[PDB]
Amino acid sequence: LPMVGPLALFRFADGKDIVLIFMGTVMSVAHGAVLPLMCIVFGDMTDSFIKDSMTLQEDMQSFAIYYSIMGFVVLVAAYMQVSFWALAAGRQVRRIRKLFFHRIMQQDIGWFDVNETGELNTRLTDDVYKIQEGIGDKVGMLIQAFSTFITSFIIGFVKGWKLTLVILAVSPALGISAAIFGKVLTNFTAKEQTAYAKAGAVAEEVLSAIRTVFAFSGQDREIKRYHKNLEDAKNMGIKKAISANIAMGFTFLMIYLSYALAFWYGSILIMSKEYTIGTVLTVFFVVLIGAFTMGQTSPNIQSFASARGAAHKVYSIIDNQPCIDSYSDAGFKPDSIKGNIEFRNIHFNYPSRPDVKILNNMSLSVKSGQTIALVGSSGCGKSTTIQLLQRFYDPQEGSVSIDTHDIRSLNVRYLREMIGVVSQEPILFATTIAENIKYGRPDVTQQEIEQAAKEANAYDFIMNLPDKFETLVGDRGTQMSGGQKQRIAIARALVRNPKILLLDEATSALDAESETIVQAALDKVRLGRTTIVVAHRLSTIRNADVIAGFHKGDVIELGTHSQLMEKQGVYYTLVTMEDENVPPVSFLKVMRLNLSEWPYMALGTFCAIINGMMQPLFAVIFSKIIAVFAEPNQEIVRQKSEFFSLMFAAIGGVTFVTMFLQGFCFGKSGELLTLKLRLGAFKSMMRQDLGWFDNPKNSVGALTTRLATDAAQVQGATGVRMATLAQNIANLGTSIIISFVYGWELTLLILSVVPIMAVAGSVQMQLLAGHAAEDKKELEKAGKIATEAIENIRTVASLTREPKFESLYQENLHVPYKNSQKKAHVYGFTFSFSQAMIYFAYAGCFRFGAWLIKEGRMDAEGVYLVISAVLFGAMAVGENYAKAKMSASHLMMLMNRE
């Protein structure tokens with residue numbers, strides 16, 4: 001699909017907005033240079049320690065100040081990046097909303113008839129949200145990662161002649177792996193799609209015709225068939241999960257082989273001494289971080305793509321100006337008008353379906369003070385004419401004369417303002433009685449307001465108003481009645497006393513008293529007013545002096561009703577005719593569901609425990625690698641580096657195998673759990689009486705969606721969640737035990753920086769400060785009001801209130817816009833704080849390790865062990881539970897129910 005270029009994306013930024021974008025860009029570039037630069041100083045510090053492992057205090061102090069200044073500079077840079085980018089996003093979104101609404105209210109009615117209102121609402125809400133999210137932080141981080149990738153390569157150019165090409169020559173192997181896995185992945189996805197297709201097929205057939213299931217009473221063959229289909233789905237899904245786990249393990253193994261090969265090549269350089277160990281470690285770490293950053297940029301790339309598509313559609317709307325602009329500033333705008341209106345040979349076709357000539361030969365004339373009506377069959381060109389007279393549609397053929405001046409020459413605002421129109425079923429606007437009447441005119445006082453209200457005979461129901469006109473209309477007009485609705489409508493039409501009235505079926509769909517009151521209001525209005533009433537009620541039509549029959553957008557008869565009856569025209573025919581309960585279920589019971597699978601659970605738990613243990617082993621081997629690098633001992637060090645490279649390969653292999661077994665075991669266990677729970681659900685359901693399935697919560701689509709979604713969710717979570725708990729607990733226990741054995745002071749230092757980082761980490765990104773709920777709710781409310789305005793577009797036009805509804809739209813946007821700025825500020829604060837915490841932690845941990853070294857209770861190798869191991873444990877902890885708990889509670893309630 002067409003998608004606009006990035007140059008077009010920021011086409012709504014004004015001068016100060018350009019400065020904002022530029023400042024954000026430069027700050028993001030600084031941040032993305034820091035990241036690789038952070039790794040640079042990290043490797044430099046690593047080398048300095050390696051040599052120091054065998055000049056200490058001053059060196060450590062210098063390193064510490066460098067880290068601290070790096071932390072401060074990244075704090076400032078990131079905070080400013082987020083703040084400026086978010087503020088630019090907010091200004092851009094506000095301007096986008098304003099101009100979008102301006103064009104929408106500018107576009108003619110045919111534009112709406114092309115684009116259904118629901119689609120416009122979805123656009124204005126979701127696409128605006130997408131563009132906001134894209135520009136705000138996603139673009140900033142995108143630029144930042146671009147810069148980091150570029151800087152990693154420049155730094156590899158500084159001294160990496162061999163390592164750069166070696167890691168790039170890993171790229172064909174890495175891509176070979178990623179694609180050889182992907183080719184099997186596509187085939188497996190198709191296979192499992194077939195499997196779930198059969199499973200959902202049996203599900204849909206049994207549920208949709210579950211009444212037939214009871215009728216035929218033959219649940220034997222159907223239950224057995226369900227079991228068969230589920231068994232096949234198990235046979236397939238077990239393999240799918242096994243394959244996915246092998247893919248993950250193979251990715252890990254490729255990573256580890258790259259590690260070991262790079263290390264062996266570095267050892268070769270040290271043998272030749274071409275590259276100092278420090279330089280090799282620096283370049284390797286930096287290239288690795290650059291590669292991982294580039295890889296993990298993908299979600300942001302998708303975010304930008306979505307933003308670009310949304311922006312393309314939005315700007316397509318914006319630049320699609322109408323054939324006529326309501327806000328035009330050209331025309332006669334006569335100071336007066338007699339009022340007569342004449343139409344000739346009107347010819348219009350909707351832009352959506354411009355293939356049938358709906359409108360043809362509507363020669364008609366209305367004289368001031370003359371009562372001429374229009375009657376015909378449904379969709380006989382009635383409303384199209386009324387739309388035209390407001391210049392909703394340009395007559396391709398014909399003429400539209402208003403007292404020697406056509407609608408073409410006259411301005412639109414002026415014309416609409418002095419013209420009144422009432423639809424077949426007009427709808428009040430979502431505002432109190434006061435404002436609903438104020439739309440009459442802006443220059444209106446209370447006394448005349450009540451005068452005009454009573455002018456419509458509405459008096460009867462105002463003495464009962466709790467607050468008179470201040471009385472609230474009520475949601476959706478629930479506290480409202482059709483006759484009273486027409487009363488407010490006609491009153492708001494008359495308040496400004498438009499010269500001419502087009503009452504398009506504004507009498508029907510009412511009760512006897514309601515019809516009487518509207519008829520009385522109309523008769524009072526007909527005093528000295530030029531009227532065109534296309535209505536269905538016989539009283540008004542007969543009261544009308546001249547009536548014109550109609551059919552299929554064609555003139556047939558006109559004059560007194562007697563001629564219509566004599567010809568029996570169309571007039572004669574018209575005359576003759578879920579989440580509440582969610583009881584917390586004991587995890588013991590949920591786990592106990594795997595009764596027979598006890599061996600499977602145990603074997604999988606062993607696999608997960610070993611897997612979790614490995615990572616600390618990675619930390620230890622890394623630490624000892626550094627250690628051996630410390631002592632020159634060239635022969636011993638080269639041999640031991642080879643040894644620990646082979647150990648890296650061994651770790652890759654053990655990770656691969658443990659992933660293989662864990663995936664297989666947990667997949668089988670969870671899939672058997674899925675089978676058992678599905679069979680139990682079927683049995684419980686068929687126990688349930690017919691009425692049980694008539695509840696709206698028990699619709700066929702909803703129930704089958706529950707079945708499939710919840711089964712998959714519990715299968716994944718129940719197996720994955722316990723395994724993950726075990727793995728993480730192993731990581732934490734071993735890391736903490738290692739730290740405590742090494743030293744219980746730096747231990748506590750690490751174990752305190754960790755929690756403060758995590759608490760101030762991902763949770764704060766979307767949870768703390770209590771902005772989320774209010775901001776989302778207010779945005780939803782403003783969008784709802786805008787959506788209502790769009791829906792009632794015809795009435796909004798007849799009112800000529802588009803500017804004022806835009807004004808109210810922006811007014812109610814103001815507060816959520818301020819909340820947007822507030823949330824952006826706090827988001828920036830937490831993000832920068834999180835980023836800087838890492839550097840400050842590095843500095844403090846390393847400094848305290850140095851202090852302990854001065855006391856001798858620890859060694860630098862232990863320092864590296866502790867820091868690296870704890871960091872890797874933090875990363876591992878990253879890898880739903882509530883969804884699984886709720887689903888399991890649902891299933892248990894459904895089964896155990898008698």
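Caption draft 1: Structural detail: the overall build of the chain. A count of helices and strands for the chain gives 30 helices and nine strands. Its C-alpha radius of gyration of 37 Å places the chain more than 25% over the 29 Å reference for a compact globule of 898 residues. Each principal axis of the C-alpha atoms in the chain carries an extent, and together these give about 120 × 75 × 55 Å. Counting across all 898 residues of the chain, residues that qualify as buried make up 47%. Averaging the positions of the 85 positive and the 80 negative side-chain charges in the chain gives two centres separated by 3 Å.

Caption draft 2: Inspection of helix α8 (residues 219–272) at higher detail. The end-to-end C-alpha distance of α8 is 78 Å, a good match for the 80 Å that 54 residues give at a rise of 1.5 Å each. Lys-273, located one to two residues past α8, shows a positive phi value of around 60°.

Caption draft 3: How the structure looks around the sheet that holds strand β6 (residues 500–504). Strand order in the open sheet made by the three strands is β5-β6-β7, with parallel pairing throughout. In the strand order of this sheet, the two ends are held by β5 (419–422) and β7 (530–534), each with one partner. Strand-to-strand twist of the sheet, defined as the mean angle between neighbouring strand axes without regard to direction, takes the value 10°. Pairing of β6 with β7 involves five bridges; the strand directions are parallel. Within the sheet, the bridge partner assigned to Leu-501 lies in β7 and is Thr-531.

Caption draft 4: Empty space enclosed by the protein, seen in detail. The computed volume of the largest cavity comes to approximately 150 Å³. Lining the largest cavity are 15 residues, and of these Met-362, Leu-364, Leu-374, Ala-548 and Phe-550 sit closest to its centre. Mapped onto the lining of the largest cavity, the elements with two or more residues apiece are β2 (364–366), β3 (372–375), α11 (382–389), β8 (546–550) and β9 (555–559). Per-element accounting of the lining of the largest cavity gives the leading share, three residues, to β2. Across the lining of the largest cavity, the residue classes break down as ten nonpolar, four polar and one charged.

Caption draft 5: Seen up close, the packing of aromatic side chains. Tallying each qualifying case throughout the model produces 33 aromatic pairs. Summarising the aromatic geometry, the rings of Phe-348 and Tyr-393 are spaced 3.8 Å apart at their centres and angled 15° between planes, so their arrangement reads as stacked. Here the residue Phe-348 occupies a position in the loop between β1 (341–347) and β2, and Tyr-393 occupies one in the loop between α11 and β4 (397–402), the gap between them amounting to 45 residues. Across this residue pair, the class does not change: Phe-348 and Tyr-393 are buried.

Caption draft 6: Molecular detail of the nonpolar core. Judged by nonpolar contacts, the single largest core of 72 residues is most densely connected at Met-105, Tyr-315 and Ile-790. The residues touching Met-105, leaving out its near neighbours within four places in the chain, are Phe-112, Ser-326, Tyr-327, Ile-790, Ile-793, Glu-802 and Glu-806. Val-41, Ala-841, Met-858 and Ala-860 belong to the second largest nonpolar core, which has 50 residues in total.

Caption draft 7: Just the domain arrangement of the chain, in detail. When the domains of the chain are assigned, the result is domain 1 (169–263 + 600–742 + 881–898) and domain 2 (341–576). Measuring from the centre of the C-alpha atoms in domain 1 to the corresponding centre in domain 2 gives 65 Å.

Caption draft 8: Focus on the packing of helix α3 (residues 57–106) against helix α28 (residues 802–855). Running from N to C, α3 and α28 point in directions that differ by 165°, and their axes come no closer than 9 Å. Our classification of the angle between α3 and α28 gives roughly antiparallel. As α3 packs across α28, the resulting crossing turns out to be right-handed.

Caption draft 9: Spatial organisation of the sheet that holds β3. One open sheet holds the three strands; their spatial order is β3-β8-β9, and the pairing between them is mixed. Each having just a single partner strand, β3 and β9 make up the two edges of the open sheet. Between one strand axis and the next, the sheet turns by 15° as a mean value, whatever way the strands run. In this sheet, β9 lies alongside β8 in antiparallel orientation, the contact comprising three bridges. Opposite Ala-548, over in β9, you have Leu-558 as the bridge partner.

Cut-offs applied
Residues numbered from 1 in each chain as written, not as in the entry; some residues may be left out. Heavy atoms only, no water. Helix = DSSP H or I, 4+ residues; strand = E, 2+ residues; numbered from the N terminus. Rg over C-alpha atoms; globule rule 2.2 N^0.38 Å. Buried < 20%, exposed > 50% of the residue type's maximum accessible area, 1.4 Å probe, protein only. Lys, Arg positive; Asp, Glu negative; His and termini not counted. Charge placed at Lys NZ, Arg CZ, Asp CG, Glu CD. Expected span 1.5 Å × (residues − 1). Pairing = 2+ DSSP bridges. Axes fitted to C-alpha atoms, helices over the stretch in contact; angles between N-to-C directions. 1 Å grid on protein atoms, 1.4 Å probe; cavity = no way out; pocket = protein on both sides within 12 Å on 5 of 7 lines; lining within 4 Å. Points joined across faces, edges and corners; volume = space filled by probe spheres on them. Nonpolar A, V, L, I, M, F, W, Y, C, P; charged D, E, K, R; others polar. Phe/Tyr/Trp six-rings, centres within 6.5 Å; stacked < 30°, edge-to-face > 60°. Core = buried A, V, L, I, M, F, W, Y, C linked by side-chain atoms within 4.5 Å. Contact = heavy atoms within 4.5 Å. Domains from an automatic or database assignment. Parallel < 35°, antiparallel > 145°, perpendicular 65-115°, else oblique. Left-handed = near helix turned anticlockwise from the far one by under 90°.

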